[PDB]
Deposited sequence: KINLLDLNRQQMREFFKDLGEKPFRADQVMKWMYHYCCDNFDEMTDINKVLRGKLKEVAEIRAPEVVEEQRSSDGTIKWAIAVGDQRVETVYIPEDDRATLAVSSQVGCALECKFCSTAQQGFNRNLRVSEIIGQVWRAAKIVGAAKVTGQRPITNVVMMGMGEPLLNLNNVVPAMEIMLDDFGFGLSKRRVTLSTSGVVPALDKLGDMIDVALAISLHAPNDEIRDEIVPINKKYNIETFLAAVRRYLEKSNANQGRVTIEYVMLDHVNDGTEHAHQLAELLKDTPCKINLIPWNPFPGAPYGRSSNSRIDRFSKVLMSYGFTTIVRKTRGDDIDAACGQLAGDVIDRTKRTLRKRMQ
């Protein structure tokens, strides 16, 4: 059975044609899937039995399942999501005017960024389209589908710190196409943001495939620091990454001219005022908005949290050069064993 969550609108229409159905039936089923978060053909009431029968034989709608849910007092929701026998994260961050979903692109990651908890476990595999868009679908079903509640559950999707998306371009791009589709989640290209640590040839490729908002996972004011913090910098240095960013902005207007620059503040490693002055000089030819991230250590992380006074001084330095600078909020602060699986088998035996 084909999982319909693997298909963009064009592919859905091609599949429905091969079942002897008119293209617009594919569009209709898409709306049920994404506007109503429906994974059950019986519930699709304006589809006839014959078509319902065809789909149940050759197709299904199977989104990744929640294995854990944590809910913050600030409304943030974090999910551990089963993708096969592997696990990934999905985070829902509601605000008064919008709701952002952070989704995973890979199971683990191969880039070895030193501050990243996703890195420490290493790279396992790429996610399929159904596993990426399925995170959005699952989040949307739980929060409340657009046409069930009358409100878009999600206005923004981000891909950051949950696998390098540019190393999973085959699955990431169609997933984003469904996010942007009116019959999918109907998000503006300005509100689908792909963060990358700078896989430059893949970024050149991204701009030829799709127009979405780009963020750059920079985290350092110079190569010698970034070489340490973000090892991929050894292969593609800052100036090469920035040249690639400018090339991407020739092809895409989702950023409206200004790339988002992400920068984790790491205690006495990259958060000094000297580093801020260097960053300002570095970004003089790159129109941008700078997002400073008050990063917190995971168990055994090689860095500590920067104080808010150091972060605020770093920010003021950047603002004195005229950069738009945002210190990001920490969300879901209240929610932030190797034997357990075997231990559960033994306990359930009794």
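Residues of the deposited sequence lacking C-alpha coordinates fall in the stretches 337-344, 359, numbered from 1.
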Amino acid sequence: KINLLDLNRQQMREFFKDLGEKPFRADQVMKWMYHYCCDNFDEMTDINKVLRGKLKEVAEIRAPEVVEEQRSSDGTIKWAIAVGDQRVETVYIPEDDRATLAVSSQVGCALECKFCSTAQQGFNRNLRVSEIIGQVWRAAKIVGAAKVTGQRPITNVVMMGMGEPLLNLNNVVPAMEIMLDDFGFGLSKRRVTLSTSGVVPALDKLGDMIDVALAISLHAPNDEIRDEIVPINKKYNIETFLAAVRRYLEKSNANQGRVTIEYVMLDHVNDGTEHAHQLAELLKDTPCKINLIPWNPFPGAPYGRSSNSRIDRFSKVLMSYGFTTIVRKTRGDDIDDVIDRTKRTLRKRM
From here on, numbers count along this sequence of modelled residues.
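Between 113-121 and 214-222, the higher mean Cα B-factor belongs to 113-121. If you average the C-alpha B-factors over 130-138 and over 91-99, the higher value belongs to 91-99. Per the deposited record, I238 carries the highest C-alpha B-factor of all listed residues (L194, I238, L279, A254).
Of all the options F314, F41, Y303, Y321, the entry's greatest CA B-factor is assigned to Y303. In this PDB entry, the Cα temperature factor of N291 sits in the bottom third of its chain's modelled residues, the lowest group.
When all modelled residues of the chain are sorted by CA temperature factor, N270 is found within the lowest third. Sorting the modelled residues of the chain by their CA temperature factor places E250 in the highest third.
Among the modelled residues of its chain, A243 has a C-alpha B-factor that falls in the middle third, as given in the PDB entry. When the modelled residues of the chain are ordered by C-alpha B-factor, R62 sits in the middle third.
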